[PDB]
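Inspection log for the structure reproduced underneath, given as C-alpha cells.
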Amino acid sequence: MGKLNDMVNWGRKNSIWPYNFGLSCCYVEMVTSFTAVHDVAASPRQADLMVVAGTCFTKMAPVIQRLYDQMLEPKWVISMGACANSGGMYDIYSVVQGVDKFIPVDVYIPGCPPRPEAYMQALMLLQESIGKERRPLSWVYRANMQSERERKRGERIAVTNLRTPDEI
Amino acid sequence: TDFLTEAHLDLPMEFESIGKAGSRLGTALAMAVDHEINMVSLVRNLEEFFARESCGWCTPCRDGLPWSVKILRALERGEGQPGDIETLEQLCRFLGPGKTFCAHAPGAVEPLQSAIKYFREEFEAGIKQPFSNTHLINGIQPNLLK
Ligand code: SF4
Ligand code: SF4
C-alpha cells in the first residue's frame with residue numbers, strides 16, 4: 001500500500017505533458033526553451049500541466065478559464081513571469097492582476113521573462129511537490145512544502161563578493 | 001585697487017586718470033612691488049585678507065573669495081590644475097559691481113584680475129598637475145567626457 005502510492009506518484013512525476021498556453025514574450029522564451037541548446041526534453045484534454053506564461057488580459061481570461069476547465073485531474077499549474085504571477089508591471093485597466101485570481105497555481109516563477117532554466121527548475125519543484133503529496137488511488141491533500149526562500153536562505157546570505165559589472 | 005605696471009607710472013594721480021587706466025585712485029597711498037615678489041603669493045595674501053574680512057552677508061563674496069584663495073594656494077604649491085585660471089577670471093567677472101551686496105568684493109577682485117592681466121605667466125606656471133575631481137570607484141565605469 002505504501003509502496004503503491006509512492007509508485008503512483010512516481011509515475012505521475014516522471015511523466016508530465018505541458019500545455020504551454022503562453023500569450024506574450026514569456027511564451028516566446030518557452031519557444032526558445034524547446035531548442036537543442038537548452039535541452040528541455042498537444043491538447044488540453046490529455047495534458048496534465050498548464051503553464052500560464054504571459055499577461056492575462058481581461059479578454060483572454062475567459063479563454064484561459066475555459067482551457068483550464070477542459071483539463072482533467074490530476075492537473076497542475078505553473079505561472080511564468082511577473083504577468084502571470086501578479087499582473088507584473090501592468091497595473092492597468094485591461095489586465096487581470098495575476099492568473100491566480102481565477103485558477104489555482106501550483107508553482108510560481110518570478111522573472112520578466114524567466115530564462116528556460118528557471119522553467120526547468122520549476123519543473124523540478126513541481127515534481128518534488130507531486131512526489132511529496134498523495135491522492136486517492138481510486139474513486140486531495142497537498143503537502144505543505146518548505147518554501148524555497150527560507151530553504152535557500154543560508155547559501156544566499158553567505159554570498160560576499162560578486163564579479164564587477166565593468167568586466168565581462 | 002588694480003595693479004599697474006611701470007608703463008602706467010607716468011600718469012597723474014587723479015580719479016579720472018587712474019580710472020581710465022583700469023584701476024582706482026583709492027586712498028592715493030601707493031604700494032610698490034619689486035621684482036622678487038611672486039605675484040601669485042602677493043595676490044594669495046590679498047585674497048586671504050579679503051576672504052577673511054568678508055562680512056558673510058552675500059553669497060558671491062562669502063563663497064567665491066575662499067574658492068579663489070584655495071586656487072591661489074594650489075598655484076602657490078604648484079598643485080594647480082587646468083581650469084583654475086578660468087575659474088579666477090569667471091570669479092572676477094561675476095564679483096563685479098552690482099553682483100555683490102556691497103563694494104568689498106569688486107575691490108577684492110580688482111588685484112586678482114589686474115595681476116592675471118599683467119602677470120599671467122606666473123599663474124600659468126602654477127599649474128603643474130592634471131585636473132582630477134573624482135576618484136575611481138571599483139565596479140563603475142566612468143563617463144569619459146571629451
Ligand atoms: S512577465 Fe514580462 S516577459 Fe513575461 S509576458 Fe509579462 S511583460 Fe512579457
Ligand atoms: S561683498 Fe560686502 S555684503 Fe557681500 S559678504 Fe562681502 S563684505 Fe558682506
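Averaged over its residues, how many other protein chain Cβ atoms are within 10 Å of peptide A:159-165's Cβ atoms?
1
Restricting things to alpha carbons, tell me how big the stretch A:1-158 is in terms of Rg and Dmax, in Å.
16.2, 52
What's the whole-number percent of alpha carbon pairs in the stretch A:10-103 lying beyond 19 angstrom? Mind showing how you got there, number by number?
On the way: 1829 of 4371 pairs.
Of the Cα pairs, 42 percent sit more than 19 Å apart.
As I understand it, the dipole of the protein assembly as shown uses +1 on the Cβ of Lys and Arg and -1 on the Cβ of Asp and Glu, about the Cα centre. Which of B:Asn38, A:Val159, A:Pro113 lies farthest toward its positive end?
Of B:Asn38, A:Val159, A:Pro113, it is A:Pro113.
Test of understanding: extend the Cα→C-beta vector of B:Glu6 to 7 Å, then name every residue of the stretch B:33-59 with backbone N under 11 Å from that spot.
Label zone hits: B:34-35.
With an 8 Å cut-off on Cα pairs and a minimum separation of 6 or more residues, tell me the relative contact order of chain B in percent. Please report the intermediate quantities before stating the final value.
Numbers: 154 pairs, mean separation 40.8, N = 146.
Relative contact order comes out at 28 percent.
Just how many pairs of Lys in the stretch A:1-158 have C-alpha atoms closer than 17 Å, counting pairs that are eight or more places apart or on different chains?
On the way: A:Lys3/A:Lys13; A:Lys3/A:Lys132; A:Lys13/A:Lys75; A:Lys13/A:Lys132; A:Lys59/A:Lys101; A:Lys75/A:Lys132.
Taking the stretch A:1-158 as the scope, the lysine pair count is 6.
Which percentage, to the nearest 5, of the DSSP beta bridges contained in the protein assembly as shown is antiparallel?
Details: 2 of 14 bridges.
The antiparallel proportion sits near 15 percent.
What residues from the stretch A:149-168 fall in the zone where the backbone N is under 17 Å from a label point 7 Å along the Cα-to-C-beta line of B:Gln141?
A:163-168
Can you list the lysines whose alpha carbon sits under 28 Å from that of B:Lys99, skipping same-chain ones fewer than 8 residues off?
Once the sequence-local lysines are set aside, what remains near B:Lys99 is B:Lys20, B:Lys70, B:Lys117.
What is the helix-to-structure angle for B:84-94, meaning the angle in degrees between its Cα long axis and the longest Cα principal axis of chain B, kept from 0 to 90 and rounded to the nearest 10?
Computed tilt is about 50 degrees.
Find, to one decimal place in angstroms, the Kirkwood hydrodynamic radius of the protein assembly as shown, where the mean of 1/r is taken over every pair of different Cα atoms and then inverted.
Across the protein assembly as shown, the inverse of the average 1/r is 27.4 Å.
Averaged over all directions, how much area does the convex hull of the C-alpha atoms of the stretch B:25-111 cover when projected, in nm²?
Working: hull surface 24.7 nm².
In nm², the orientation-averaged hull projection of the stretch B:25-111 is 6.2.
Any read-out appearing in this document is the output of simple, stated calculations on the displayed coordinates, not a laboratory observation. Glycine also receives a Cβ, built like all others from the backbone with ideal geometry; neighbour counts cover every protein chain displayed.
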